[PDB]
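Encoded as structure tokens, the structure appears first; notes follow it.
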Amino acid sequence: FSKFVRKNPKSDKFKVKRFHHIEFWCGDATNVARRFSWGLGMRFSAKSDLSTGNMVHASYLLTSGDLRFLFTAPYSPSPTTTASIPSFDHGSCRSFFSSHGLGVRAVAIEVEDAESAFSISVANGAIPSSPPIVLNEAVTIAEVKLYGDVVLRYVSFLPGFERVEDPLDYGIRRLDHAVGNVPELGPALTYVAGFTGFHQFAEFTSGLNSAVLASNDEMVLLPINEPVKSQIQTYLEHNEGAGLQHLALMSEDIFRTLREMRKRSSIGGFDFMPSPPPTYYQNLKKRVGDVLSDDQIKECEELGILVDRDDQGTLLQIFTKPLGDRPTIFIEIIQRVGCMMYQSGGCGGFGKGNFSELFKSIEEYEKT
Amino acid sequence: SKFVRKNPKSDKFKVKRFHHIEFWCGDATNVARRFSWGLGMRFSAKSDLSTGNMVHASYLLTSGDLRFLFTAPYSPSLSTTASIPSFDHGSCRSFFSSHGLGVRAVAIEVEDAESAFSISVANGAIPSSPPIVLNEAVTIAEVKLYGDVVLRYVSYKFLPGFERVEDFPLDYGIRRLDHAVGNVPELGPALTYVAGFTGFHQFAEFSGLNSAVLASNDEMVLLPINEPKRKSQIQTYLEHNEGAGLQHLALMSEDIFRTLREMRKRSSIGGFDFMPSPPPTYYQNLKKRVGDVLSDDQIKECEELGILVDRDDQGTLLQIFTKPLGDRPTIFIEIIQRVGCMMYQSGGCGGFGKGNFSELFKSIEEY
Ligand SMILES: O=C(O)[C@@H](O)Cc1ccc(O)cc1
Ligand SMILES: [Fe+3]
Ligand SMILES: [Fe+3]
């Protein structure tokens, strides 16, 4: 008596593969990358600083599976020849951090040819941010504006980077989707999907309007939020315009990651949102009992994990507190169940039907 | 044969001890949460949006009597609510844009800050912030020290506007700040300047740099200053810091082996890294110059943890240095434990490590 029909026109104007990395623009990349490495459990993989000859910026790379988190901070200007990332600008980086604080600068995706995906994007309305530049005849990097001061980066770690050698792993394996807030969803949705050809990923159905753009294989998901009390309007005010709201980090085992990330919340890691009331986890039997066992439900309660369902699969998720000083960007840890055939992207939705379940649990909790 | 140390006790105002150190950051949350894990300091007070402050976010880390403050500016679009009246968004942004992560204020507790500020300015000090009484309880004044670092005065002893943080806690053994060392291009002018308005006397000592230690009457507030074989790290400091600034802080510890076992264990998982260890010959000779102080097992612990041991006419100093704290090879941290001079412990017991360069060079050529 219910069926959800999802369509996929596969209208990608250029060949998009997978997410490549995320580049946080910092004021001091060392302390940001070392805190992220201890909280998320990511390994110090590569570096491009003074110890590698880079006299322009200190970029450090953290990895946990297919996830790459880059942390870039500008050196004192006292010619960016030794710079490994040619799109980096000292004036831009200082202005970005003074206007937005700690946050994501680049959302990088791997493409077949960055030079073509750049020209096709601009030919379809994309604002150019960095022209196609070939790195040592091996890698090509191009950047166009996504929203606000965040850029969409095309890659087809990097030259100039040196590997770091000499266990830090909590279960995070890849980046699922990067969500950004904009003042008006409409113009931002037609703009981004207007130069990538990304189709809308429908969700099965609070102060927000969300729409999910996705590539053909739907592994590159880009939800965008708009404020309708609203958490988004507070984000726009504190971030001084449109920016990335949160990053969803796929975990091989969300229970492993959550126990690893909660032991360290008070000793350098990350803090989480208030856990759902107990009646929320007394209602999981009549919701995902056929997916999660009774003991795995006890794990979600002890770890404060949100569990939502969809037409295809089940989504286990939780959110952290803001990563920096500003109540702006935070991190989402998810684990998707089902759609195995390789797992389909967006399996289980994103959590649209979770505000209704939290409202129902809070109204239930009370009165008891 | 005999070393003679003199103390004129010429403090132009009553000074007690170090109060706190305020780092100016780009993001105070990630820097403090990194410092809290590497050094083992407790989240004690906060002055951010959760307290009503829409101007900046200040977080205090404590370890015994040591207090590290971490201040980062909010966006001016939030528009009075600042608990630290000397804070300026443009100054904090321009400071960090010029020097990066570093020390802004070296706060010392005095008897009266309205006097410490006026007497200082009347004796050559460059004023940074006039005396401001906070909620009729705390008075804060600031005068320039060297570079963009300010010497902050705290009168009646975290601060009004801060909320205590509750919630076993972290503690690696660090208990107090020993001395705050700064690098300047010319030691001479900066010496007659700082001592010109403080009256701090020169602390006598028992490389590429020249050092001079200014100290208060009881010699608990120590402020060594450095000036620029191979090229000295002082000149490399001035280039990457864009002028004079604080070089390092010496964090005294009840047990340097406890603190180092905690700090080295976490160097690769978010903590702080240390300088390369001395060769084994340095610790084979560590029982001929310091054997009446350290036992055989305690000498073995220094070799395992890479600690340097120096000695002077009064006491013995066990010390070790960390790698630079941020992206720039500028600010770093020293862990110190002093033995001897017990009569309460005298300030500067064992010196500051001026003789370690000679014993290290003697140890490298022995290996
Ligand atoms: O990225 C997104 O749009 C979703 O992650 C948002 C979301 C997810 C779960 C939830 O309970 C509320 C909002
Ligand atoms: Fe999400
Ligand atoms: Fe020292």
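Residue numbers start at 1 in each chain; chains themselves are named A, B, ... in the order of the structure tokens; ligands are numbered from 1 in the order shown.
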
* When the cut-off is 9 Å and we count only C-alpha atoms, which residues of chain B are near chain A, given as an MDAnalysis selection string? -> chainID B and resid 25:38 40 42:43 48:49 56:57 72:75 77:78 93 96:101 167 169:170 239:242 268:271 325:328

* Asked: Any idea what's packed within 10 Å of residue B:7, counting only C-alpha atoms, ignoring anything in its chain fewer than 4 positions away? Could you give it as an NGL selection string?
  -> :B and (200-204 or 215-219)

The selected residues should be written to file as an mmCIF file, in the first residue's frame (atoms: C-alpha atoms).
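In the end it all went to again-v8.cif:
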```
data_model
loop_
_atom_site.group_PDB
_atom_site.id
_atom_site.type_symbol
_atom_site.label_atom_id
_atom_site.label_comp_id
_atom_site.auth_asym_id
_atom_site.auth_seq_id
_atom_site.Cartn_x
_atom_site.Cartn_y
_atom_site.Cartn_z
ATOM 1 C CA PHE B 200 63.443 44.103 37.733
ATOM 2 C CA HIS B 201 67.039 43.204 38.538
ATOM 3 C CA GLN B 202 69.289 41.194 36.253
ATOM 4 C CA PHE B 203 69.519 37.565 37.371
ATOM 5 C CA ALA B 204 73.131 36.425 37.098
ATOM 6 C CA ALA B 215 63.453 39.097 37.820
ATOM 7 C CA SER B 216 61.224 40.534 40.537
ATOM 8 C CA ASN B 217 62.354 41.005 44.147
ATOM 9 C CA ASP B 218 61.551 37.467 45.291
ATOM 10 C CA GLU B 219 62.775 36.295 41.850
#
```

* Identify, with DSSP run on backbone atoms, the residues in stretch 7-238 of chain A assigned to strand (DSSP E), and express the list as a ChimeraX atom specification. => /A:16-25,43-48,57-64,67-74,103-111,128-135,139-147,150-155,162-163,172-181,199-201,208-214,221-227

* Asked: So which residues touch stretch 338-341 of chain A within 12 Å, counting only C-alpha atoms, skipping near sequence neighbours fewer than 5 positions away, as a PyMOL selection string?
  -> chain A and resi 290-292+309-316+346-349

Just to be explicit: take each residue in the selection above, keep N, CA, C and O atoms, and write the result as a compact mmCIF listing (two decimals), in the first residue's frame.
```txt
# COMPACT_ATOMS: atom_id res chain seq x y z
N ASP A 290 13.38 -5.20 12.68
CA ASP A 290 13.75 -6.16 11.65
C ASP A 290 15.12 -5.88 11.05
O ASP A 290 15.63 -6.73 10.30
N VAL A 291 15.73 -4.74 11.35
CA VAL A 291 17.05 -4.38 10.86
C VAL A 291 18.10 -4.49 11.97
O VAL A 291 19.15 -5.12 11.79
N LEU A 292 17.83 -3.88 13.12
CA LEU A 292 18.75 -3.90 14.25
C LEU A 292 18.26 -4.90 15.29
O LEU A 292 17.06 -5.01 15.55
N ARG A 309 14.61 5.51 8.97
CA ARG A 309 14.33 4.54 7.92
C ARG A 309 13.89 5.26 6.66
O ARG A 309 13.66 6.47 6.64
N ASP A 310 13.77 4.49 5.58
CA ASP A 310 13.50 5.03 4.25
C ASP A 310 12.75 3.97 3.45
O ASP A 310 12.30 2.96 4.00
N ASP A 311 12.62 4.21 2.14
CA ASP A 311 12.03 3.21 1.26
C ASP A 311 13.01 2.11 0.89
O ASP A 311 12.59 0.99 0.59
N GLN A 312 14.31 2.41 0.91
CA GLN A 312 15.34 1.45 0.53
C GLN A 312 16.07 0.87 1.74
O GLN A 312 16.09 -0.34 1.94
N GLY A 313 16.69 1.73 2.56
CA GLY A 313 17.50 1.25 3.65
C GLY A 313 17.33 1.99 4.97
O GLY A 313 16.44 2.83 5.11
N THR A 314 18.20 1.68 5.93
CA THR A 314 18.16 2.25 7.27
C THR A 314 19.43 3.04 7.52
O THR A 314 20.52 2.63 7.11
N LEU A 315 19.29 4.18 8.20
CA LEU A 315 20.40 5.10 8.42
C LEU A 315 20.62 5.27 9.92
O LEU A 315 19.70 5.67 10.65
N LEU A 316 21.83 4.97 10.38
CA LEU A 316 22.25 5.25 11.75
C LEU A 316 23.14 6.48 11.73
O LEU A 316 24.13 6.52 11.00
N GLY A 346 23.15 7.31 -0.85
CA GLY A 346 21.93 7.79 -0.24
C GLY A 346 21.03 6.72 0.31
O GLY A 346 19.84 6.96 0.52
N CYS A 347 21.57 5.52 0.55
CA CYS A 347 20.79 4.42 1.10
C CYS A 347 20.28 4.78 2.49
O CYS A 347 21.07 5.03 3.41
N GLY A 348 18.96 4.81 2.64
CA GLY A 348 18.34 5.17 3.90
C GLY A 348 17.95 6.62 4.03
O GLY A 348 17.45 7.02 5.09
N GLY A 349 18.16 7.43 2.99
CA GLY A 349 17.85 8.84 3.07
C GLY A 349 18.93 9.61 3.81
O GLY A 349 20.11 9.23 3.83
```

* Protein and nucleic acid residues within 6 Å of ligand 1 (only C-alpha atoms and all ligand atoms) as a ChimeraX atom specification -> /A:179,223,350-352,354-355

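Using only C-alpha atoms and all ligand atoms, we find that the residues with an atom at most 10 Å from any atom of ligand 2 are residues 176, 177, 178, 179, 180, 212, 221, 222, 223, 224, 245, 246, 247, 248, 249, 317, 318, 319, 331, 332, 333, 334, 349, 350, 351 and 352 of chain A.
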
* Counting only C-alpha atoms and all ligand atoms, which protein, DNA or RNA residues come within 8 Å of ligand 3, given as a PyMOL selection string? -> chain B and resi 179-181+224+248-250+334+352-353

* Structure fact -> residue A:320 proximity check over A:55, A:40, A:107, A:164, using only C-alpha atoms: winner is A:40

* To do: Find the residues near stretch 149-152 of chain B: any atom within 9 Å, counting only C-alpha atoms, skip ones fewer than 2 places away on the same chain, and give them as number ranges by chain.
  => B: 103-109, 113, 127-129, 140-147, 154, 244-246

The selected residues should be written to file as a CSV table (one decimal), in the first residue's frame (atoms: N, CA, C and O atoms).
```csv
chain,number,residue,atom,x,y,z
B,103,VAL,N,51.9,34.2,22.0
B,103,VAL,CA,51.5,34.8,23.3
B,103,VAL,C,51.2,36.3,23.1
B,103,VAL,O,52.1,37.0,22.4
B,104,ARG,N,50.1,36.8,23.6
B,104,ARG,CA,49.8,38.2,23.5
B,104,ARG,C,50.0,38.9,24.8
B,104,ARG,O,50.6,40.0,24.9
B,105,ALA,N,49.6,38.3,26.0
B,105,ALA,CA,49.8,39.0,27.3
B,105,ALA,C,50.5,38.1,28.2
B,105,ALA,O,50.1,36.9,28.3
B,106,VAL,N,51.5,38.6,28.9
B,106,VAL,CA,52.1,37.9,30.1
B,106,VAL,C,51.6,38.6,31.3
B,106,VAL,O,52.1,39.7,31.7
B,107,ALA,N,50.6,38.0,32.0
B,107,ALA,CA,50.0,38.6,33.1
B,107,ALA,C,50.7,38.3,34.4
B,107,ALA,O,51.0,37.1,34.7
B,108,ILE,N,50.9,39.3,35.2
B,108,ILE,CA,51.5,39.1,36.5
B,108,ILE,C,50.6,39.7,37.6
B,108,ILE,O,50.0,40.8,37.4
B,109,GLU,N,50.4,39.0,38.7
B,109,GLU,CA,49.6,39.5,39.8
B,109,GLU,C,50.4,40.5,40.6
B,109,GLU,O,51.5,40.2,41.1
B,113,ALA,N,47.2,47.4,40.4
B,113,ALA,CA,47.5,47.6,39.0
B,113,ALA,C,47.4,49.1,38.6
B,113,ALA,O,48.0,49.5,37.6
B,127,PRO,N,52.3,52.5,27.1
B,127,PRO,CA,51.0,52.0,27.6
B,127,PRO,C,50.3,51.2,26.5
B,127,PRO,O,50.3,51.6,25.3
B,128,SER,N,49.6,50.1,26.9
B,128,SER,CA,48.8,49.3,26.0
B,128,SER,C,47.3,49.4,26.3
B,128,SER,O,46.5,49.4,25.4
B,129,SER,N,47.0,49.4,27.6
B,129,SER,CA,45.6,49.5,28.1
B,129,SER,C,45.6,50.1,29.5
B,129,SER,O,46.3,49.6,30.4
B,140,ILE,N,42.7,45.5,35.6
B,140,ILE,CA,43.6,45.0,34.6
B,140,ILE,C,44.2,46.2,33.9
B,140,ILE,O,43.5,47.1,33.4
B,141,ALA,N,45.5,46.2,33.8
B,141,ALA,CA,46.2,47.2,33.0
B,141,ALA,C,47.3,46.5,32.1
B,141,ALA,O,47.8,45.4,32.5
B,142,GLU,N,47.7,47.1,31.0
B,142,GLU,CA,48.6,46.5,30.1
B,142,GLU,C,49.6,47.5,29.6
B,142,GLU,O,49.2,48.6,29.1
B,143,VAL,N,50.9,47.2,29.6
B,143,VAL,CA,51.9,48.0,29.0
B,143,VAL,C,52.7,47.1,28.1
B,143,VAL,O,52.8,45.9,28.3
B,144,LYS,N,53.4,47.7,27.1
B,144,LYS,CA,54.1,47.0,26.1
B,144,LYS,C,55.4,46.3,26.7
B,144,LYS,O,56.1,47.0,27.5
B,145,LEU,N,55.6,45.1,26.3
B,145,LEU,CA,56.8,44.4,26.8
B,145,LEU,C,57.9,44.4,25.7
B,145,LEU,O,58.9,45.1,25.7
B,146,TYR,N,57.6,43.5,24.6
B,146,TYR,CA,58.5,43.5,23.5
B,146,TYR,C,57.7,43.0,22.3
B,146,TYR,O,56.8,42.2,22.4
B,147,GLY,N,57.9,43.6,21.1
B,147,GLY,CA,57.1,43.3,19.9
B,147,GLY,C,55.7,43.7,20.1
B,147,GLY,O,55.4,44.8,20.5
B,154,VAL,N,47.5,42.3,37.0
B,154,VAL,CA,46.3,41.8,37.7
B,154,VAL,C,46.4,42.2,39.1
B,154,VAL,O,47.4,41.8,39.8
B,244,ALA,N,59.9,40.9,17.2
B,244,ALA,CA,60.1,40.4,18.5
B,244,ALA,C,58.9,39.8,19.0
B,244,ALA,O,57.7,40.1,18.7
B,245,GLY,N,59.0,38.8,20.0
B,245,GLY,CA,57.9,38.1,20.6
B,245,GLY,C,58.4,37.1,21.6
B,245,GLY,O,59.6,37.0,21.8
B,246,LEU,N,57.4,36.5,22.3
B,246,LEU,CA,57.7,35.5,23.3
B,246,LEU,C,58.3,34.2,22.6
B,246,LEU,O,57.6,33.7,21.7
```

* To do: From a DSSP calculation on the backbone, collect every residue of stretch 147-350 of chain B in helix (DSSP H, G or I) and output the set as an NGL selection string.
  => :B and (187-198 or 233-241 or 256-265 or 280-287 or 296-305)

* Asked: What is the distance between atom CA of residue B:295 and atom CA of residue B:222, in Å to one decimal?
  ->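 A separation of 29.5 Å between them.
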
* To do: For each of B:51, B:71, B:314, B:330, take the minimum atom-to-atom distance to residue B:183, counting only C-alpha atoms, then give the residue where this is smallest.
  =>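 Among the listed residues, B:330 lies closest to residue B:183.
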
If you take only C-alpha atoms and a cut-off of 9 Å, which residues of stretch 11-74 of chain A touch stretch 116-140 of chain A, and what are their nearest atom pairs and distances in Å to one decimal, in chain and number order, as JSON lines?
```
{"residue": "A:13", "atom": "CA", "partner": "A:120", "partner_atom": "CA", "distance": 7.3}
{"residue": "A:14", "atom": "CA", "partner": "A:117", "partner_atom": "CA", "distance": 5.6}
{"residue": "A:15", "atom": "CA", "partner": "A:117", "partner_atom": "CA", "distance": 7.7}
{"residue": "A:16", "atom": "CA", "partner": "A:117", "partner_atom": "CA", "distance": 8.6}
```

Export N, CA, C and O atoms of the chosen residues as a PDB file, in the first residue's frame?
```pdb
ATOM      1  N   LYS A  13      26.849  16.645 -17.008  1.00  0.00           N
ATOM      2  CA  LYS A  13      27.486  17.223 -18.184  1.00  0.00           C
ATOM      3  C   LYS A  13      28.927  16.760 -18.346  1.00  0.00           C
ATOM      4  O   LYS A  13      29.440  16.760 -19.471  1.00  0.00           O
ATOM      5  N   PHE A  14      29.587  16.369 -17.257  1.00  0.00           N
ATOM      6  CA  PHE A  14      30.930  15.811 -17.311  1.00  0.00           C
ATOM      7  C   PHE A  14      31.006  14.609 -16.379  1.00  0.00           C
ATOM      8  O   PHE A  14      30.150  14.416 -15.513  1.00  0.00           O
ATOM      9  N   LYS A  15      32.044  13.796 -16.569  1.00  0.00           N
ATOM     10  CA  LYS A  15      32.193  12.550 -15.822  1.00  0.00           C
ATOM     11  C   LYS A  15      32.686  12.855 -14.413  1.00  0.00           C
ATOM     12  O   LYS A  15      33.844  13.239 -14.218  1.00  0.00           O
ATOM     13  N   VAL A  16      31.808  12.679 -13.429  1.00  0.00           N
ATOM     14  CA  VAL A  16      32.144  12.842 -12.021  1.00  0.00           C
ATOM     15  C   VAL A  16      32.305  11.456 -11.414  1.00  0.00           C
ATOM     16  O   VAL A  16      31.487  10.561 -11.664  1.00  0.00           O
TER      17      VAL A  16
END
```

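Distance-wise, atom CA of residue A:160 and atom CA of residue A:141 end up 13.5 Å apart.
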
* **Minimum-distance residue to residue A:108, chosen among A:21, A:47, A:145, A:256 (using only C-alpha atoms)** =>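 Selected residue with least distance to residue A:108: A:21.
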
* To do: Mind giving me the straight-line distance from atom CA of residue B:262 to atom CA of residue B:63 in Å, one decimal?
  => 13.8 Å
